[PDB]
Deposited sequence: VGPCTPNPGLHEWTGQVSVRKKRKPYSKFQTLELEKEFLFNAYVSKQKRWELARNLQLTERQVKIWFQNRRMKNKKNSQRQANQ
């Protein structure tokens, strides 16, 4: 009937540093997204999608 990558759980340092940036701005610039990618060993896409998910997490937590 109805029946692109293996999910990699990020490091504590990877995730925590991403969280600091989110507290400043939930939406970050394309240049800083490149910066986040450089220091935290991530691709440009993965840093982008992380902020996509973290944003929805706020809407999921703060909801009624």
property: Sequence ranges absent from the coordinates, based on the deposited chain and numbered from 1; result: 1-11, 15-19, 81-84
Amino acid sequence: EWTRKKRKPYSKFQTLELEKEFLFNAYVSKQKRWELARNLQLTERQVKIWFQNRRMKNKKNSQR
From here on, numbers count along this sequence of modelled residues.
| property | result |
| --- | --- |
| Segment of higher mean CA temperature factor, 7-15 or 46-54 | 7-15 |
